[PDB]
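In the form deposited in one PDB entry, a lone chain appears below as structure tokens.
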């Protein structure tokens, strides 16, 4: 039908670790939006709490604008800017893997996004390539990479005092295997380091086309997070980053080694990719592999 008083829904463009997303269209300007629906029940990670996060990060580079949030019957709606394909499809579309260049350039923006968030006293806690999108196909941001879905973001520090909160090693465990940090796997709580670490498992996913721990038999589901973690653990960073820019190794080695409160030297990490682009004689122009088709 039509919700958000002046936003009409279109087709389904996918779902996210939370709940379906349809691509609407504001009925008062003709601009294509993103509409997220969510039922009102046991769940309450409410687009609201996500809305509030889309609010906070609002104004920080590569963060989608928020446009609405209400209560339409059995649901909760959150209106958001439309955006291009996810880095995950792109990968698939670009031929199961990207090229050092493309990676290096993505890493920067990505890594930039995971910082902004951290500077808002929030761990992102759900780092996967499926969460990074590019501006709409033919616009002024097509060559930009955004972050989406903050359904798992948490406060790792009082946004005010910036005083870091606790450090357990005993709660739940309900994320996305393939890229989480080893800490995460071990039960440890997640700090800004866990975000940077999984980001590198993701950069190596791009380069390698896969990680060494994907696919694991003998288990089920609440156990797979084990076999995967183990392999991750029994997989040396040399072997993993083997045959790829040293910076990448340098990156992973850094991340996989920070303390639970360690404030990442974001500039150091950003510099590593800039060099990677310096060796290639290229520049941070957006010749991603995905603008040729």
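Just so we're on the same page, rigid core means the largest C-alpha set that superposes within 1.5 Å between forms. Positions refer to the first chain, counted from 1.
In what follows, reference is made to the form deposited in another entry, a form of this protein that is not presented.
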The one residue in 58, 259, 44, 242 whose CA moves 2 Å or more between the shown form and the other one on rigid core superposition is 44
Per-residue C-alpha change between the shown form and the other one, residue 271, threshold 2 Å, rigid core fit:
no
Residue 10: Cα shift of 2 Å or greater between the shown form and the other one (core-aligned)
no
Checked in the other entry: CA of residue 178 to CA of residue 44 differs by 3 Å or more, atoms lying closer
